[PDB]
């Protein structure tokens, strides 16, 4: 790629934002060169379910010094369920293993699974602490599911910036924040995501493998973060955050795919 292609990409991202009643936060980092395509990279956005990557990384980091942690079964009752728990709703009572909860929260965005893992780690503050430990000074998890998706304008609870999240995703999925086995497992879970077919995956070349985690919330908040693995190039980190001015707004898969498409064309 080149500086001029990246500049043009950034202009195209500004044009894309002008098509909807909201704002676009975007970073694509080419790990071949360290080059970045950015749009509103240092504005805070509500992360919604994209935090589940940070959450699962924290669990994996803990498992590195306690292999049997991943097999621990966590019980829970129906009364502990929250909205959007398609996997955990099927296993109330005896519950599920820690590994199963990670797969559920990453691949189906299961909310109760996330709450159980947040509890296991020591609460929302423990997830923020993990982020701090990997060099992320920006990420903050303040609430649990599903309140963390309120996406209220000016509310800094449960937010990060596209730049901070891209740096963290790079460290976790490509770099050395996790041990080899743990990085492989985090990638494996995210490669098998079921909720992201219309987002980053829809915008980048079909030949690229994508490990992603989506987020959707109030104010039409529509997010997707992850890494694309081209067959002939180094990995590219993608972070796409969008949110809208109206409470009646809905997330826009197409805008997220379009943003990724614009950047993919520049990193040649």
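Positions refer to the first chain, counted from 1.
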{"item": "Stretch exceeding the other in mean C-alpha B-factor - 64-72, 24-32", "value": "64-72"}
{"item": "Between the two ranges 88-96 and 113-121, the one averaging a larger CA B factor in the entry", "value": "88-96"}
{"item": "Which of 81, 127, 167, 177 ranks first by CA B-factor in the deposited coordinates", "value": "81"}
{"item": "Candidate residues 52, 209, 39, 44, the one whose C-alpha B factor the record puts highest", "value": "209"}
{"item": "Ranked C-alpha temperature factor of residue 199 among modelled chain residues, by third", "value": "lowest"}
{"item": "Within-chain third of residue 13 by Cα B-factor, per the entry", "value": "middle"}
{"item": "Entry-reported Cα temperature factor of residue 77, expressed as the chain third it lands in", "value": "highest"}
{"item": "Entry-reported Cα temperature factor of residue 224, expressed as the chain third it lands in", "value": "lowest"}
{"item": "Ranked against its chain, the third holding the CA B-factor of residue 260", "value": "lowest"}
